[PDB]
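Trainee: Residue numbers (my numbering), protein chains in the order written: chain Y, 6 to 87; chain V, 3 to 83; chain A, 0 to 55; chain B, 21 to 66; chain W, 33 to 175. Note that CB positions come from ideal geometry on N, CA and C, so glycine has one too. Below is a structure I'd like to ask you about.
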Amino acid sequence: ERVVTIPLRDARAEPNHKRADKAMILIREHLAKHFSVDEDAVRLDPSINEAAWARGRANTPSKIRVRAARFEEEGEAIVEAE
Amino acid sequence: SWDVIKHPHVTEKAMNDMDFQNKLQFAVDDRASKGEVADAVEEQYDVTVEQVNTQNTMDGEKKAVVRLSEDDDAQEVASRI
Amino acid sequence: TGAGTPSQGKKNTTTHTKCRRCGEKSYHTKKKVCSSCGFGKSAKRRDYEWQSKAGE
Amino acid sequence: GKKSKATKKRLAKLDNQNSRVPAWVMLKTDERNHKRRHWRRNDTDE
Amino acid sequence: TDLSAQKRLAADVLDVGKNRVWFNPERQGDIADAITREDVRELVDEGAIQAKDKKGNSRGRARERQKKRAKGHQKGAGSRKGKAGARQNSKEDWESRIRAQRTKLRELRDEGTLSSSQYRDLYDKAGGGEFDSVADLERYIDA
RNA sequence: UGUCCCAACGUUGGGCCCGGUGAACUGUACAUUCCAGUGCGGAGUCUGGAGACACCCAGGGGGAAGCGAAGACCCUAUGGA
RNA sequence: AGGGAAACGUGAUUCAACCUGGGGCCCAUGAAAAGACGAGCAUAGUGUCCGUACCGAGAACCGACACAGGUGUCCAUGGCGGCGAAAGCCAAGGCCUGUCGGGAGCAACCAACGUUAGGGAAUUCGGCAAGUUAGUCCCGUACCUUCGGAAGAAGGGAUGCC
RNA sequence: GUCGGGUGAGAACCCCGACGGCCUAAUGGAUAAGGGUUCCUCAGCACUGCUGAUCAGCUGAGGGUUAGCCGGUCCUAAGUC
RNA sequence: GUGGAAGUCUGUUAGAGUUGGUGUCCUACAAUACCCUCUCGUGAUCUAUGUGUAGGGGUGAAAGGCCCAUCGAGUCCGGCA
RNA sequence: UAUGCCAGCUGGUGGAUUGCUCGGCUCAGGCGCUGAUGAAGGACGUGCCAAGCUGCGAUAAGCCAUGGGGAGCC
Ligand SMILES: [Cl-]
Ligand SMILES: [Cl-]
Ligand SMILES: [Mg+2]
Ligand SMILES: [Mg+2]
Ligand SMILES: [Mg+2]
Ligand SMILES: [Mg+2]
Ligand SMILES: [Mg+2]
Ligand SMILES: [Mg+2]
Ligand SMILES: [Mg+2]
Ligand SMILES: [Mg+2]
Ligand SMILES: [Mg+2]
Ligand SMILES: [Mg+2]
Ligand SMILES: [Mg+2]
Ligand SMILES: [Mg+2]
Ligand SMILES: [Mg+2]
Ligand SMILES: [Mg+2]
Ligand SMILES: [Mg+2]
Ligand SMILES: [Mg+2]
Ligand SMILES: [Mg+2]
Ligand SMILES: [Mg+2]
Ligand SMILES: [Mg+2]
Ligand SMILES: [Mg+2]
Ligand code: NA
Ligand code: NA
Ligand code: NA
Ligand code: NA
Ligand code: NA
Ligand code: NA
Ligand code: NA
Ligand code: NA
Ligand code: NA
Ligand code: NA
Ligand code: NA
Ligand code: NA
């Protein structure tokens, strides 16, 4: 477990009316890499989702502090807002 | 010559009408009037018909919802057949 | 307005219907005349020699 | 639309003709309903 | 599990739009088994099925504005959109004014202040549009 | 006032790569062509030269007198309306 | 009676429906018939036959299709807004089925489109396309005219909030 | 649309919740014509569905439309026989 | 001042129409479509349903327009090989 | 020696070919009217389960009589 700051600057590469979706993907890929786990194994608590969609699908925040934990028999990460 | 009553119409809905409203349901000849249905039914089961409602069905037959008097019991009249 | 597809939309009028006398969907309910058997127009049945080849 | 008693009878019949060849008939004949009619793809008479 | 049928029944039993019906996420299995309207009412009594609240637009900001304007503010040239006759119907205004003037004269006559001849004279002039308002009429009356 | 001088940057949907679905047009044959010539006088195929290792991706359409339509123009028919 | 978990209100304004009047117009004169009323009351009996599901449309209709086309009526009184049945935003109600997705800062090229210094129609058959102007109030308004008009001519000023 | 979750052999699109949106004379409510069982339930996925599907207007089987006082029915219109 | 006339004005009210873009499309969403622009919108107005006129005949504020994707003479079958 | 050319082999696709004929085509002999005593035609029904065809008609793949036929049939 640990607290990490995820940069969402790369969501700007995606069309603006769809940032939220892309942001949510970036968050999954980030945790997957930094916690050495498969993207399939990263579970995002709705809190994170609501944070990214707070201002609608087009106005995603540039960053997001996320608390994630790693464990189990297949390897995984459970993450939430902070 | 055609007969008025064809056979009892027995389905889940017909049961509820029988158990909860003292009504009997029949498939009758589509040329039959409510009055003819009321009479035919009384003479065949020895009961008192209080009301008859009809419907020309999408099966090509006529359906009659016959309510019996509180003196008669649909559940019993139907159990003997 | 296009005489094709766009003009096909107002066609919800019933004219030709199942005929009482011959069974064909040709009884014009507006004219009360069957275009197939002649019911409503003729006691005799509608029929013409041109409905088949001349020598047959 | 407003259907009459006779029209209702005819449509009832068309619905009935729209059933499948019973399974038992396949066994009895050692082996299709060519009169299958969909309400959308087909058109009835009248 | 598929609870769409139950959604339709619940909406009708609760007498609410289907979109406002809420099904407890932890009881999908139980609601799934709900087959009858009675089964639904039962789950309703268990709070497993509820109806969300319908919102109503707040009229708070509306009321503040309504007050300013009733006090005579927020109606300058820059706030008007319709033509003058659109903001106040001139015929309707004349009916208001002429009726007020006729009622006035009517009271002064019964009251005794005016003889049926002075009244007549003033009434005719009012209908001829000689007075801008009751006050204006009263003023003219005092010579 | 980007119509123009004279074009630039950006936005959204495509385009490009991947999973799934999945047609049509068109096809005498052969066919890597280019420059000239010749020929029914407007040739990828004949003749002489030149060039040319094969396959594949994207592109804008120069050529196949490209595809599409038994020329509406014109004349002819002891044709039609 | 019923309905509501509960309270189970009182007044007001503007008032669709509905009711009832007055005026004006016609080289235009705005159905008919069945029926009802006229013509009381009690009690009782009778009231048969046909229709009734569902869709009613960017998937239930017509258009060969689950077709961006076509297709009548009523709800025209939901809130803010404002002249408004207008825009924009939002309820109730409906929907995420105008039904293929995943990836690349996502190049060229194309469709819609924003902004472009200085110049300002030089472009072009032609200002095509785009742009400018704009609501409301006050002032003011030419030629011409069939005296109605031209006219919102033109032009000038104002506009928020507290 | 997204994140969780439900069911299932199988889930981007079947269902639940949350978050985020779309429609305001309509993408809402009631209906005429026209359609004709497309309605509801259960069981299914060879067919249909612009991908997939456990879903369905699809496939199979059952079920469903109740009237003295809503329409028809009766009257007469242009006009028809 | 009152009054409120008009084949009157403005108006994407509803509704009707269809000028430019010679845009998008042009094996289309569509055998006449989409978008923006634009005209009419109390009247010689628009519209549903019913109803009449039939092929050398209708109908036509006249374009040889229209009479079911068919018109300088509809469509079907026959004359007909 | 990839992409690939020509011919063949094994398997497929396709349904030609050959063989077969419950159907046609034509000729010939015989025969020949039905209907208000409601025909012909059509509709809708009718089966234990029955969608199509055939049959039949609320007595509904049938009822009765006589003759034939025969140990099977529905
Ligand atoms: Cl009055
Ligand atoms: Cl009705
Ligand atoms: Mg009834
Ligand atoms: Mg035509
Ligand atoms: Mg069925
Ligand atoms: Mg006035
Ligand atoms: Mg050479
Ligand atoms: Mg030629
Ligand atoms: Mg010529
Ligand atoms: Mg000639
Ligand atoms: Mg209903
Ligand atoms: Mg669709
Ligand atoms: Mg500039
Ligand atoms: Mg110039
Ligand atoms: Mg020039
Ligand atoms: Mg222009
Ligand atoms: Mg359904
Ligand atoms: Mg199911
Ligand atoms: Mg006008
Ligand atoms: Mg206008
Ligand atoms: Mg008409
Ligand atoms: Mg001409
Ligand atoms: Na039956
Ligand atoms: Na149909
Ligand atoms: Na530009
Ligand atoms: Na080329
Ligand atoms: Na309002
Ligand atoms: Na889908
Ligand atoms: Na005057
Ligand atoms: Na246009
Ligand atoms: Na002709
Ligand atoms: Na011929
Ligand atoms: Na004979
Ligand atoms: Na059968």
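So the candidates are V:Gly37, V:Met17, V:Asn24 and V:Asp21; which of them puts its Cα closest to the Cα of V:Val6?
Mentor: The shortest C-alpha separation from V:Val6 is found at V:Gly37.
Trainee: So, using beta-carbon positions, are Y:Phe40 and Y:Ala86 closer together than 7 angstroms?
Mentor: Cβ atoms of Y:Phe40 and Y:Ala86: not closer than 7 angstroms.
Trainee: Should W:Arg91 go down as buried or exposed, given a rule of 16 or more other Cβ atoms within 10 Å for buried?
Mentor: W:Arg91 is exposed by the Cβ-count criterion.
Trainee: Measuring CB atoms only, is the segment 20-36 of chain Y touching the segment 60-75 of chain Y, in the sense that at least three cross pairs come out at less than 8 angstroms?
Mentor: Output reads yes: the segment 60-75 of chain Y touches the segment 20-36 of chain Y.
Trainee: Have a look at W:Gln133, W:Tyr151 and W:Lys50 and flag the residue whose alpha-carbon is nearest the alpha-carbon of W:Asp168.
Mentor: Nearest C-alpha to W:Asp168: W:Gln133.
Trainee: Closest to B:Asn62 by C-alpha separation, out of B:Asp35, B:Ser24 and B:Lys23, would be which residue?
Mentor: Considering only alpha carbons, the answer is B:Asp35.
Trainee: Using the three-state DSSP reduction, which class does W:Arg131 fall into: helix, strand or coil?
Mentor: W:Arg131: helix per DSSP, three-state reduction.
Trainee: So, does the CB of B:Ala32 fall closer than 7 angstroms to a CB anywhere in chain V?
Mentor: Chain V, which has a Cβ nearer than 7 angstroms to the Cβ of B:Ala32, makes this yes.
Trainee: Relative to the C-alpha of W:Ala43, which candidate in W:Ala83, W:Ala175, W:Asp65 and W:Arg93 has its C-alpha closest?
Mentor: Of the listed residues, the one whose Cα sits closest to W:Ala43 is W:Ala83.
Trainee: Just list the residues that DSSP pairs Y:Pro12 with in beta bridges.
Mentor: Y:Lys68, per the DSSP bridge assignment.
Trainee: Name the one or two DSSP bridge partners that A:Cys33 has.
Mentor: A:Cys33 is bridged to A:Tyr26.
Trainee: For chain B, find out if any of its Cβ atoms is closer than 7 angstroms to the Cβ of residue 110 of chain V; answer yes or no.
Mentor: Coverage of chain V is limited to positions 3 through 83, which leaves residue 110 of chain V absent and any answer about it impossible.
Trainee: Residues of the segment 48-75 of chain V in Cβ contact with chain B at a cutoff of 8 angstroms, in chain order, please.
Mentor: Result list: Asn58, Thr59, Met60, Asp61 and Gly62.
Trainee: Where does V:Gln46 fall in DSSP's three states?
Mentor: V:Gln46: helix per DSSP, three-state reduction.
Trainee: Using C-beta distances below 7 angstroms, list every residue in its chain close to B:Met46, excluding the 5 sequence neighbours before and after it, in chain order.
Mentor: Result list for B:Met46: empty, nothing under 7 angstroms.
Trainee: Can you tell me which residues form a DSSP beta bridge with W:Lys115?
Mentor: DSSP output for W:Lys115 lists no bridge partner at all.
Trainee: I want to see whether chain V comes within less than 7 angstroms of B:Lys23, judged by CB atoms only; does it?
Mentor: No, B:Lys23 lies away from the interface with chain V (no Cβ there is under 7 angstroms from its Cβ).
Trainee: Could you say if the segment 31-42 of chain A and the segment 5-22 of chain A meet the contact criterion of at least three C-beta pairs nearer than 8 angstroms?
Mentor: Contact between the segment 31-42 of chain A and the segment 5-22 of chain A is present, because at least three Cβ pairs lie under 8 angstroms.
Trainee: Over the uninterrupted beta strand (DSSP E) stretch that includes Y:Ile83, give me the two end residues.
Mentor: Residues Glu81 to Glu85.
Trainee: What residues from chain A crowd round B:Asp65, counting only those whose CB sits closer than 7 angstroms?
Mentor: Under the 7 angstroms cutoff, chain A gives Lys17 and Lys24.
Trainee: Can you tell me which of Y:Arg62, Y:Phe76 and Y:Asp45 puts its alpha carbon nearest to the alpha carbon of Y:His22?
Mentor: The residue with the shortest Cα to Cα distance from Y:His22 is Y:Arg62.
Trainee: Would you decide whether A:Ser25 is buried or exposed? Buried here means 16 or more other CB atoms lie within 10 Å of its CB.
Mentor: By the neighbour-count rule (16 or more Cβ atoms within 10 Å), A:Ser25 is buried.
Trainee: Take A:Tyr47 and list the residues in its own chain whose beta-carbon comes closer than 8 angstroms to its own, dropping the five residues that flank it on each side.
Mentor: Around A:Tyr47: no qualifying Cβ.
Trainee: Taking A:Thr13 as the reference, which of A:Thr4, A:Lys30 and A:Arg45 has the closest Cα?
Mentor: Cα-wise, what sits closest to A:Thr13 is A:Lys30.
Trainee: Between the beta-carbon of V:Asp61 and the beta-carbon of B:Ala26, is there less than 7 angstroms?
Mentor: Result no, Cβ atoms of V:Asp61 and B:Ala26 do not sit closer than 7 angstroms.
Trainee: Return the residue from the list Y:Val42, Y:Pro20, Y:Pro66 and Y:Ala57 that minimises the CA-CA distance to Y:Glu78.
Mentor: The shortest Cα separation from Y:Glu78 among Y:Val42, Y:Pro20, Y:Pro66 and Y:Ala57 belongs to Y:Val42.
Trainee: Give me, in chain order, the residues of the same chain whose beta-carbon lies closer than 7 angstroms to that of Y:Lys27; leave out the 5 immediate sequence neighbours on both sides.
Mentor: Result list for Y:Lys27: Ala16 and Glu19, in chain order.
Trainee: Alpha carbons only, please: which of V:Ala42, V:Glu14 and V:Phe22 is nearest the one belonging to V:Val30?
Mentor: Considering only alpha carbons, the answer is V:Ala42.
Trainee: Starting from W:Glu143, trace the beta strand (DSSP E) both ways and give me its first and last residue.
Mentor: W:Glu143 -> no beta strand (DSSP E), and no H or E assigned at all.
Trainee: Between the alpha carbons of W:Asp164 and W:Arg129, how many angstroms are there, rounded?
Mentor: Taking the straight line from one Cα to the other gives about 8 angstroms.
Trainee: Taking 8 angstroms as the limit between beta carbons, can you name the residues of its chain near W:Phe55, skipping five residues before and five after?
Mentor: Contacts found: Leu35, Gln38, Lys39, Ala42, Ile63, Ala80 and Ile81.
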